[PDB]
Number of protein chains: 12
Amino acid sequence: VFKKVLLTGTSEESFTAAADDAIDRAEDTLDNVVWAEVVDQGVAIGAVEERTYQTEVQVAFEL
Amino acid sequence: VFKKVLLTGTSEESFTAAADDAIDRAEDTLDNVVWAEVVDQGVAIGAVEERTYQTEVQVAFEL
Amino acid sequence: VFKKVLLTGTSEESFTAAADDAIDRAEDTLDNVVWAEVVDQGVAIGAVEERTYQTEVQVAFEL
Amino acid sequence: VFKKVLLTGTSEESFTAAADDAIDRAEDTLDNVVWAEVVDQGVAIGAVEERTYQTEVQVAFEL
Amino acid sequence: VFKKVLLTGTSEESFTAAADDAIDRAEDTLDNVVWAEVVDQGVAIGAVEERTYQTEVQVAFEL
Amino acid sequence: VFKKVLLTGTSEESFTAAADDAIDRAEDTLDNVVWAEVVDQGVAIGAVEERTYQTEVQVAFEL
Amino acid sequence: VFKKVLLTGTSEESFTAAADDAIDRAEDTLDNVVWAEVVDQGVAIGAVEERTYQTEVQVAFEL
Amino acid sequence: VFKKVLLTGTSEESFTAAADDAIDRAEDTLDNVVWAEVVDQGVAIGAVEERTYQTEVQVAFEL
Amino acid sequence: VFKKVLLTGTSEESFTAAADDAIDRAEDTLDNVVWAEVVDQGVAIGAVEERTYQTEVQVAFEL
Amino acid sequence: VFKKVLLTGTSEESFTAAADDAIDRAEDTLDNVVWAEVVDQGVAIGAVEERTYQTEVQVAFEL
Amino acid sequence: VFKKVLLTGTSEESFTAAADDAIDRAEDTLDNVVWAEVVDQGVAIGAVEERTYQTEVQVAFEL
Amino acid sequence: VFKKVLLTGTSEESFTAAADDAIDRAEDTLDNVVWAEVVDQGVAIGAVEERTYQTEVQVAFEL
Ligand SMILES: Cc1cc2nc3c(=O)[nH]c(=O)nc-3n(C[C@H](O)[C@H](O)[C@H](O)CO)c2cc1C
Ligand SMILES: Cc1cc2nc3c(=O)[nH]c(=O)nc-3n(C[C@H](O)[C@H](O)[C@H](O)CO)c2cc1C
Ligand SMILES: Cc1cc2nc3c(=O)[nH]c(=O)nc-3n(C[C@H](O)[C@H](O)[C@H](O)CO)c2cc1C
Ligand SMILES: Cc1cc2nc3c(=O)[nH]c(=O)nc-3n(C[C@H](O)[C@H](O)[C@H](O)CO)c2cc1C
Ligand SMILES: Cc1cc2nc3c(=O)[nH]c(=O)nc-3n(C[C@H](O)[C@H](O)[C@H](O)CO)c2cc1C
Ligand SMILES: Cc1cc2nc3c(=O)[nH]c(=O)nc-3n(C[C@H](O)[C@H](O)[C@H](O)CO)c2cc1C
Ligand SMILES: Cc1cc2nc3c(=O)[nH]c(=O)nc-3n(C[C@H](O)[C@H](O)[C@H](O)CO)c2cc1C
Ligand SMILES: Cc1cc2nc3c(=O)[nH]c(=O)nc-3n(C[C@H](O)[C@H](O)[C@H](O)CO)c2cc1C
Ligand SMILES: Cc1cc2nc3c(=O)[nH]c(=O)nc-3n(C[C@H](O)[C@H](O)[C@H](O)CO)c2cc1C
Ligand SMILES: Cc1cc2nc3c(=O)[nH]c(=O)nc-3n(C[C@H](O)[C@H](O)[C@H](O)CO)c2cc1C
Ligand SMILES: Cc1cc2nc3c(=O)[nH]c(=O)nc-3n(C[C@H](O)[C@H](O)[C@H](O)CO)c2cc1C
Ligand SMILES: Cc1cc2nc3c(=O)[nH]c(=O)nc-3n(C[C@H](O)[C@H](O)[C@H](O)CO)c2cc1C
Ligand SMILES: [Cl-]
Ligand SMILES: [Cl-]
Ligand SMILES: [Cl-]
Ligand SMILES: [Cl-]
Ligand SMILES: [Cl-]
Ligand SMILES: [Cl-]
Ligand SMILES: [Cl-]
Ligand SMILES: [Cl-]
Ligand SMILES: [Cl-]
Ligand SMILES: [Cl-]
Ligand SMILES: [Cl-]
Ligand SMILES: [Cl-]
Ligand code: NA
Ligand code: NA
Ligand code: NA
Ligand code: NA
Ligand code: NA
Ligand code: NA
Ligand code: NA
Ligand code: NA
Ligand code: NA
Ligand code: NA
Ligand code: NA
Ligand code: NA
Ligand code: NA
Ligand code: NA
Ligand code: NA
Ligand code: NA
Ligand code: NA
Ligand code: NA
Ligand code: NA
Ligand code: NA
Ligand code: NA
Ligand code: NA
Ligand code: NA
Ligand code: NA
Ligand code: NA
Ligand code: NA
Ligand code: NA
Ligand code: NA
Ligand code: NA
Ligand code: NA
Ligand code: NA
Ligand code: NA
Ligand code: NA
Ligand code: NA
Ligand code: NA
Ligand code: NA
Ligand code: NA
Ligand code: NA
Ligand code: NA
Ligand code: NA
């Protein structure tokens, strides 16, 4: 059985690096992370000193 | 990194109050709740004594 | 077996009350109404004297 | 010909009142506003002193 | 309030049995499981000795 | 001209048998049933003694 | 309250004429037809002597 | 950079002519119109003396 | 078994004629073409001397 | 690099068996078939002597 | 109230840089730009000397 | 007439480079490649020694 957690990673560099930020956090806290699906992307501008790319992923892990 | 939980709030009064019901529960159990996105709305009729509005939200919190 | 009818309720007060308007009409004419799913919301402005909220629902009833 | 503008209204009271907030602004600045379609709803929590309902609408006006 | 977990069940027999695999796991670990919604189906071929049906479900439980 | 009715079939055995349950009911009551499209699938757990598969179909018939 | 019926019109000439075919049938059988929304278009080739355009519409009428 | 405006053209003749009605208006008022994407189609019946086809397009122009 | 090819037809006359352009090409090169589903429509303006309607279809053929 | 072909399998028995029918055909004609994603399901009634389940899959293979 | 403009940025380097191209143009011409949502990505090949990445964003600004 | 092939490119570096991987393969094997549309993105983790970005594109070519 696989389970997914819905995480939004952030990066001041790129959408790819924002995806990695989410996956890194999943791997810190979960065993058997197997894949991620991108479900949304966006950019924070107003509330941040530097433009911040965000990539939201469903991160799948095996139970 | 943000994480989302998928909750359905309920209310005998309105869709807005059903959204609040979900968010209230998230805030009882989670720190750093930052926003909610509505993803579905509906109404329970058959199994309830009073019509019950439901609002399903992804509730985002900062990790 | 359940069957659904696709109804748009209207209200000069709220989206919740427009949903109720549709469900009320279903219950006038159908037995065993069990639930409703919201599928669209909108607001009439041009053709009405007062802004009118509309909520479209699939209303499910048991056959 | 109709044209639509994509506006997000806000309210500390309800999703219906947030829709009205957007439509009010359209009517301040545009002639011949005819209807609005709801396209998204959400709730601001983290950055606001009071929970704030948001309703995003395409507001249609006749050219 | 209901909460949903996003699980992918697997089966060498059918999509129905893969849905049951996910629901069985939810019931092992959660109280008050009330319903499941199918959100995706697929088939593993390359990495498995036998074709494996997968059914992804949001499994709802009452809090 | 074809017309569609939106029906949810149920079965304690499979999603295929739940689709058949809906189509059977359409054929009891309608002439010239020609095809069905699956639009949703789910599983009832909380309110039923046995897990019950549901398959919702648009059932098309020729007028 | 408005209600919609889901009809597929057909034409050997165009998608517009197929939409009209559905609406014509609705007007034969229903009072107060007010609008139609196109929800699908396609073309029959295999089972027909002449290519046949199809346009599926939700046809709304006032109750 | 391209920008899009969301316009609904109308025609008493066809969906193609309704698309042209929107594009014509864009070209009256904008330089460097490059393409249009159809995003919705419908038919006005209740409020018009003659059935009126509508085609909604995102009309893209180069800045 | 049916297979689909994803083709975009073009026409200086109409969306219906653009659909026919795609289907004609499929029939030139494939046996047993059975139906087509419209999946997108658009209009070329910038790169063409005359406005050009495009209709994208999945064209199904029996293997 | 993976490539997908869009196939509709058929079966007089079940949606699972219809998926297998498509995958079997892909494996007859392609090397390195790795997975399939279900994208649609339906049932043929009018043109067939026996109800026929159909399952449409994108079948992925490694190039 | 927030308003969104629908812009397609372009870049010969990456999808992230194409998003920035759109946002840069919004900031040249608008006050109070607060966020951007990615809604589409693509690549120009035929009409350009160098492959050109495009990222379409709704860019939100506060009124 | 344009035709599209549905390809998933892969890269150990970025989503942009994964899109290029797919397009490169299309250009190896097809004449008159004109554009690509991104339709999905994801990340392989479990089965690969290094995290691998994937970008799925419809690659359009002129017939
Ligand atoms: C992708 C994205 C989407 C956002 N959407 C919203 C929104 O719908 N409403 C809102 O008040 N703020 C939103 N914000 C936050 C907004 O830019 C700002 O920080 C304040 O919260 C409101 O000006 C969003 C930020 C990002 C990065
Ligand atoms: C929004 C909503 C959706 C529902 N959908 C279903 C359903 O698909 N199937 C079902 O058996 N009951 C459903 N129910 C519950 C149903 O109304 C009733 O309580 C029994 O579970 C079946 O009659 C739903 C209830 C709500 C509020
Ligand atoms: C949610 C909603 C959507 C509408 N969409 C349309 C439309 O697409 N075209 C149209 O002519 N009128 C539409 N109307 C009606 C319109 O506001 C007005 O009453 C006249 O029919 C046209 O100005 C709509 C009304 C509502 C409430
Ligand atoms: C509906 C809604 C959606 C939002 N989405 C985002 C988002 O995707 N990313 C983000 O950084 N902030 C988002 N925000 C703003 C967020 O709650 C907060 O104000 C800061 O901008 C980030 O903590 C959103 C706010 C609202 C009301
Ligand atoms: C439904 C489904 C979807 C899949 N999608 C992918 C994918 O997008 N990329 C991938 O590398 N492997 C995917 N795989 C796994 C793939 O078949 C194989 O096991 C290796 O991971 C890559 O050949 C998928 C497997 C299944 C069952
Ligand atoms: C597919 C499906 C969806 C359902 N969705 C809901 C829902 O959204 N809300 C609800 O109160 N009950 C829902 N129910 C019914 C629920 O499981 C239970 O019977 C009671 O109605 C609420 O616990 C659903 C049942 C099924 C089979
Ligand atoms: C828009 C459209 C969609 C169709 N889809 C299907 C389908 O999914 N399966 C099928 O057996 N026949 C389908 N047919 C009918 C098919 O072309 C033919 O008449 C036989 O029913 C099967 O070859 C479709 C026909 C049209 C016009
Ligand atoms: C495509 C289309 C969609 C429409 N949708 C609505 C609607 O949702 N609600 C409404 O009151 N009127 C709607 N109208 C207008 C409606 O037909 C009539 O003119 C009055 O506005 C209500 O009877 C629509 C008109 C068109 C052409
Ligand atoms: C339906 C349609 C969609 C198009 N989309 C794009 C696009 O996203 N980006 C682009 O550079 N050109 C696009 N073009 C082509 C564009 O109009 C023009 O020919 C040049 O390629 C760019 O100005 C499109 C053309 C059509 C007909
Ligand atoms: C899933 C499915 C979808 C279909 N859709 C259509 C359609 O849209 N139009 C049509 O004429 N026939 C359609 N058919 C075929 C139809 O049932 C019958 O065989 C004749 O082609 C028309 O009565 C479909 C068949 C199946 C199995
Ligand atoms: C993302 C994207 C989508 C496009 N879609 C189309 C289209 O649908 N039709 C078209 O003629 N050209 C399209 N073009 C432009 C096409 O590649 C070329 O420049 C000419 O306009 C037609 O060969 C598109 C370009 C891009 C970048
Ligand atoms: C985007 C993506 C989606 C995937 N989806 C699935 C899936 O649904 N099921 C599966 O068994 N493996 C999937 N895989 C492959 C999975 O990570 C692993 O390689 C094995 O195939 C199962 O652990 C996917 C891989 C990628 C890159
Ligand atoms: Cl989710
Ligand atoms: Cl409300
Ligand atoms: Cl419907
Ligand atoms: Cl706009
Ligand atoms: Cl979750
Ligand atoms: Cl099954
Ligand atoms: Cl109906
Ligand atoms: Cl036409
Ligand atoms: Cl495809
Ligand atoms: Cl828009
Ligand atoms: Cl293909
Ligand atoms: Cl990138
Ligand atoms: Na989730
Ligand atoms: Na930096
Ligand atoms: Na988002
Ligand atoms: Na921000
Ligand atoms: Na009350
Ligand atoms: Na729901
Ligand atoms: Na109920
Ligand atoms: Na219906
Ligand atoms: Na009032
Ligand atoms: Na609507
Ligand atoms: Na109106
Ligand atoms: Na208040
Ligand atoms: Na939003
Ligand atoms: Na906030
Ligand atoms: Na077995
Ligand atoms: Na999936
Ligand atoms: Na596999
Ligand atoms: Na049994
Ligand atoms: Na459902
Ligand atoms: Na239940
Ligand atoms: Na003719
Ligand atoms: Na269809
Ligand atoms: Na046919
Ligand atoms: Na005329
Ligand atoms: Na519309
Ligand atoms: Na009308
Ligand atoms: Na001409
Ligand atoms: Na397109
Ligand atoms: Na063009
Ligand atoms: Na394809
Ligand atoms: Na049999
Ligand atoms: Na289909
Ligand atoms: Na049939
Ligand atoms: Na817009
Ligand atoms: Na460069
Ligand atoms: Na696009
Ligand atoms: Na190009
Ligand atoms: Na590397
Ligand atoms: Na995918
Ligand atoms: Na993997």
# chains A, B, ... in the order shown; residues from 1 in each chain; ligands from 1
>>> residues_near_ligand(ligand="ligand 4", cutoff="8 Å", atoms="only C-alpha atoms and all ligand atoms", output="list in words")
residues 8, 42, 43, 44, 46, 47 and 54 of chain A; 34, 35, 36, 37, 60 and 62 of chain B; 41, 42, 43, 44, 45, 46, 47, 48, 52, 53 and 54 of chain D
>>> write_last_selection(atoms="C-alpha atoms", output="tab-separated table (two decimals), in the first residue's frame")
chain	number	residue	atom	x	y	z
A	8	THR	CA	4.62	22.59	-0.74
A	42	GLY	CA	3.46	29.34	-7.91
A	43	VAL	CA	5.60	32.33	-6.86
A	44	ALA	CA	5.51	34.36	-3.60
A	46	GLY	CA	4.42	40.32	-1.72
A	47	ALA	CA	5.40	38.82	1.65
A	54	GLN	CA	6.90	27.12	-4.73
B	34	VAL	CA	-1.85	29.59	7.60
B	35	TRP	CA	-4.67	29.19	5.04
B	36	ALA	CA	-7.48	26.95	3.72
B	37	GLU	CA	-8.65	26.22	0.13
B	60	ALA	CA	-2.29	24.38	5.03
B	62	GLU	CA	3.80	25.63	8.10
D	41	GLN	CA	-12.97	30.10	-2.48
D	42	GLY	CA	-10.50	30.12	0.37
D	43	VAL	CA	-9.71	31.48	3.85
D	44	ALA	CA	-6.77	33.66	5.00
D	45	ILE	CA	-5.63	32.80	8.54
D	46	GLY	CA	-1.86	33.35	9.02
D	47	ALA	CA	-1.42	36.96	7.84
D	48	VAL	CA	-4.70	38.46	9.11
D	52	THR	CA	-10.85	36.35	6.20
D	53	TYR	CA	-13.08	34.55	3.63
D	54	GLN	CA	-12.12	35.03	-0.01
>>> residues_near_ligand(ligand="ligand 54", cutoff="7 Å", atoms="only C-alpha atoms and all ligand atoms", output="NGL selection string")
(:I and (4-6)) or (:J and (4-6)) or (:L and (4-6))
>>> residues_around(residues="residue 3 (chain A)", least_positions_apart="4", cutoff="12 Å", atoms="only C-alpha atoms", output="number ranges by chain")
A: 26, 30-36, 58-63; E: 4-10, 22-23, 25-26, 55-59
>>> residues_near_ligand(ligand="ligand 39", cutoff="10 Å", atoms="only C-alpha atoms and all ligand atoms", output="list in words")
residues 11, 12, 13, 14, 50, 51 and 52 of chain E
>>> select_by_dssp(residues="chain D", states="alpha helix (DSSP H)", output="MDAnalysis selection string")
chainID D and resid 15:29
>>> write_last_selection(atoms="N, CA and C atoms", output="PDB file, in the first residue's frame")
ATOM      1  N   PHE D  15     -18.461  33.719   2.643  1.00  0.00           N
ATOM      2  CA  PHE D  15     -18.112  33.623   1.221  1.00  0.00           C
ATOM      3  C   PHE D  15     -19.035  34.457   0.347  1.00  0.00           C
ATOM      4  N   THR D  16     -20.324  34.546   0.712  1.00  0.00           N
ATOM      5  CA  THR D  16     -21.266  35.376  -0.080  1.00  0.00           C
ATOM      6  C   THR D  16     -20.818  36.835  -0.024  1.00  0.00           C
ATOM      7  N   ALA D  17     -20.468  37.329   1.170  1.00  0.00           N
ATOM      8  CA  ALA D  17     -20.066  38.728   1.301  1.00  0.00           C
ATOM      9  C   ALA D  17     -18.729  38.994   0.578  1.00  0.00           C
ATOM     10  N   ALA D  18     -17.856  37.983   0.536  1.00  0.00           N
ATOM     11  CA  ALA D  18     -16.594  38.164  -0.233  1.00  0.00           C
ATOM     12  C   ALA D  18     -16.895  38.291  -1.753  1.00  0.00           C
ATOM     13  N   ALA D  19     -17.856  37.508  -2.255  1.00  0.00           N
ATOM     14  CA  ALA D  19     -18.264  37.645  -3.663  1.00  0.00           C
ATOM     15  C   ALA D  19     -18.794  39.055  -3.933  1.00  0.00           C
ATOM     16  N   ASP D  20     -19.593  39.566  -2.994  1.00  0.00           N
ATOM     17  CA  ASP D  20     -20.163  40.903  -3.132  1.00  0.00           C
ATOM     18  C   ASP D  20     -19.060  41.949  -3.134  1.00  0.00           C
ATOM     19  N   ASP D  21     -18.009  41.739  -2.346  1.00  0.00           N
ATOM     20  CA  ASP D  21     -16.897  42.699  -2.270  1.00  0.00           C
ATOM     21  C   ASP D  21     -16.246  42.872  -3.652  1.00  0.00           C
ATOM     22  N   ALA D  22     -16.030  41.746  -4.348  1.00  0.00           N
ATOM     23  CA  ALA D  22     -15.465  41.791  -5.717  1.00  0.00           C
ATOM     24  C   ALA D  22     -16.398  42.485  -6.708  1.00  0.00           C
ATOM     25  N   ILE D  23     -17.684  42.154  -6.626  1.00  0.00           N
ATOM     26  CA  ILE D  23     -18.661  42.667  -7.577  1.00  0.00           C
ATOM     27  C   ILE D  23     -18.820  44.181  -7.360  1.00  0.00           C
ATOM     28  N   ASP D  24     -18.861  44.590  -6.094  1.00  0.00           N
ATOM     29  CA  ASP D  24     -18.925  46.028  -5.738  1.00  0.00           C
ATOM     30  C   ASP D  24     -17.770  46.791  -6.398  1.00  0.00           C
ATOM     31  N   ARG D  25     -16.559  46.235  -6.329  1.00  0.00           N
ATOM     32  CA  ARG D  25     -15.407  46.912  -6.922  1.00  0.00           C
ATOM     33  C   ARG D  25     -15.529  46.999  -8.444  1.00  0.00           C
ATOM     34  N   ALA D  26     -16.002  45.926  -9.083  1.00  0.00           N
ATOM     35  CA  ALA D  26     -16.243  45.932 -10.522  1.00  0.00           C
ATOM     36  C   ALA D  26     -17.252  47.039 -10.886  1.00  0.00           C
ATOM     37  N   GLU D  27     -18.336  47.133 -10.124  1.00  0.00           N
ATOM     38  CA  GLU D  27     -19.375  48.130 -10.421  1.00  0.00           C
ATOM     39  C   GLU D  27     -18.892  49.572 -10.186  1.00  0.00           C
ATOM     40  N   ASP D  28     -17.866  49.751  -9.349  1.00  0.00           N
ATOM     41  CA  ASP D  28     -17.271  51.089  -9.092  1.00  0.00           C
ATOM     42  C   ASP D  28     -16.562  51.598 -10.339  1.00  0.00           C
ATOM     43  N   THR D  29     -16.071  50.678 -11.167  1.00  0.00           N
ATOM     44  CA  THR D  29     -15.076  50.994 -12.180  1.00  0.00           C
ATOM     45  C   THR D  29     -15.529  50.630 -13.594  1.00  0.00           C
TER      46      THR D  29
END
>>> atom_distance(atom1="atom 27 (C, counted along the ligand's line) of ligand 6", atom2="atom 1 (Na, counted along the ligand's line) of ligand 56")
24.0 Å
>>> select_by_dssp(residues="chain I", states="strand (DSSP E or B)", output="ChimeraX atom specification")
/I:2-11,33-44,52-62
>>> write_last_selection(atoms="C-alpha atoms", output="PDB file, in the first residue's frame")
ATOM      1  CA  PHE I   2      -9.556   0.692 -30.354  1.00  0.00           C
ATOM      2  CA  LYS I   3      -6.554   3.047 -30.643  1.00  0.00           C
ATOM      3  CA  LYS I   4      -6.712   6.874 -30.818  1.00  0.00           C
ATOM      4  CA  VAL I   5      -4.424   9.355 -32.622  1.00  0.00           C
ATOM      5  CA  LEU I   6      -4.376  12.994 -31.507  1.00  0.00           C
ATOM      6  CA  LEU I   7      -4.706  15.225 -34.572  1.00  0.00           C
ATOM      7  CA  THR I   8      -5.296  18.970 -35.115  1.00  0.00           C
ATOM      8  CA  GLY I   9      -7.213  19.772 -38.306  1.00  0.00           C
ATOM      9  CA  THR I  10      -7.219  23.263 -39.824  1.00  0.00           C
ATOM     10  CA  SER I  11      -9.686  25.259 -41.991  1.00  0.00           C
ATOM     11  CA  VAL I  33     -11.779   4.768 -38.445  1.00  0.00           C
ATOM     12  CA  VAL I  34     -14.885   4.690 -36.206  1.00  0.00           C
ATOM     13  CA  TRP I  35     -15.321   8.007 -34.335  1.00  0.00           C
ATOM     14  CA  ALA I  36     -13.688  11.298 -33.268  1.00  0.00           C
ATOM     15  CA  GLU I  37     -13.895  13.265 -29.964  1.00  0.00           C
ATOM     16  CA  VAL I  38     -13.248  17.003 -29.957  1.00  0.00           C
ATOM     17  CA  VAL I  39     -10.698  17.907 -27.309  1.00  0.00           C
ATOM     18  CA  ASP I  40      -9.722  21.534 -28.143  1.00  0.00           C
ATOM     19  CA  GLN I  41     -10.521  24.390 -30.566  1.00  0.00           C
ATOM     20  CA  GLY I  42      -8.603  27.542 -31.380  1.00  0.00           C
ATOM     21  CA  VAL I  43      -7.852  30.176 -34.040  1.00  0.00           C
ATOM     22  CA  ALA I  44      -4.503  31.072 -35.689  1.00  0.00           C
ATOM     23  CA  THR I  52      -7.472  29.778 -39.542  1.00  0.00           C
ATOM     24  CA  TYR I  53      -9.833  27.696 -37.327  1.00  0.00           C
ATOM     25  CA  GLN I  54      -8.296  24.650 -35.671  1.00  0.00           C
ATOM     26  CA  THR I  55     -10.078  21.688 -34.100  1.00  0.00           C
ATOM     27  CA  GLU I  56      -8.115  19.033 -32.235  1.00  0.00           C
ATOM     28  CA  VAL I  57      -9.682  15.531 -32.162  1.00  0.00           C
ATOM     29  CA  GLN I  58      -8.822  12.099 -30.759  1.00  0.00           C
ATOM     30  CA  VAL I  59      -9.613   9.944 -33.807  1.00  0.00           C
ATOM     31  CA  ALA I  60     -10.462   6.331 -32.800  1.00  0.00           C
ATOM     32  CA  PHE I  61      -9.897   3.360 -35.121  1.00  0.00           C
ATOM     33  CA  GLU I  62     -10.466  -0.372 -34.577  1.00  0.00           C
TER      34      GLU I  62
END
>>> atom_distance(atom1="atom 26 (C, counted along the ligand's line) of ligand 6", atom2="atom 1 (Na, counted along the ligand's line) of ligand 57")
29.1 Å
>>> decode(residues="region 23-34 of chain D", atoms="N, CA, C and O atoms", output="short mmCIF file (atom, residue, chain, number, x, y, z; two decimals), in the first residue's frame")
data_model
loop_
_atom_site.label_atom_id
_atom_site.label_comp_id
_atom_site.auth_asym_id
_atom_site.auth_seq_id
_atom_site.Cartn_x
_atom_site.Cartn_y
_atom_site.Cartn_z
N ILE D 23 -17.68 42.15 -6.63
CA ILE D 23 -18.66 42.67 -7.58
C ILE D 23 -18.82 44.18 -7.36
O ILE D 23 -18.90 44.94 -8.34
N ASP D 24 -18.86 44.59 -6.09
CA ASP D 24 -18.93 46.03 -5.74
C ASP D 24 -17.77 46.79 -6.40
O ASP D 24 -17.95 47.88 -6.96
N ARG D 25 -16.56 46.23 -6.33
CA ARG D 25 -15.41 46.91 -6.92
C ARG D 25 -15.53 47.00 -8.44
O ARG D 25 -15.19 48.02 -9.05
N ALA D 26 -16.00 45.93 -9.08
CA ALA D 26 -16.24 45.93 -10.52
C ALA D 26 -17.25 47.04 -10.89
O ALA D 26 -17.04 47.81 -11.84
N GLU D 27 -18.34 47.13 -10.12
CA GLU D 27 -19.38 48.13 -10.42
C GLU D 27 -18.89 49.57 -10.19
O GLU D 27 -19.47 50.51 -10.76
N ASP D 28 -17.87 49.75 -9.35
CA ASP D 28 -17.27 51.09 -9.09
C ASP D 28 -16.56 51.60 -10.34
O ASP D 28 -16.42 52.81 -10.52
N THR D 29 -16.07 50.68 -11.17
CA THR D 29 -15.08 50.99 -12.18
C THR D 29 -15.53 50.63 -13.59
O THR D 29 -14.88 51.03 -14.56
N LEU D 30 -16.64 49.90 -13.72
CA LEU D 30 -17.08 49.38 -15.00
C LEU D 30 -18.54 49.64 -15.20
O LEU D 30 -19.35 49.57 -14.25
N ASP D 31 -18.91 49.90 -16.44
CA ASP D 31 -20.31 49.96 -16.79
C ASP D 31 -20.80 48.61 -17.29
O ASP D 31 -20.03 47.80 -17.81
N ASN D 32 -22.09 48.40 -17.13
CA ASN D 32 -22.80 47.25 -17.71
C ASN D 32 -22.30 45.92 -17.16
O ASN D 32 -22.16 44.97 -17.92
N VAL D 33 -22.07 45.86 -15.86
CA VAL D 33 -21.79 44.56 -15.21
C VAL D 33 -23.04 43.69 -15.24
O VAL D 33 -24.14 44.13 -14.82
N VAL D 34 -22.93 42.46 -15.77
CA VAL D 34 -24.12 41.62 -15.97
C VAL D 34 -24.21 40.34 -15.15
O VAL D 34 -25.30 39.92 -14.77
#
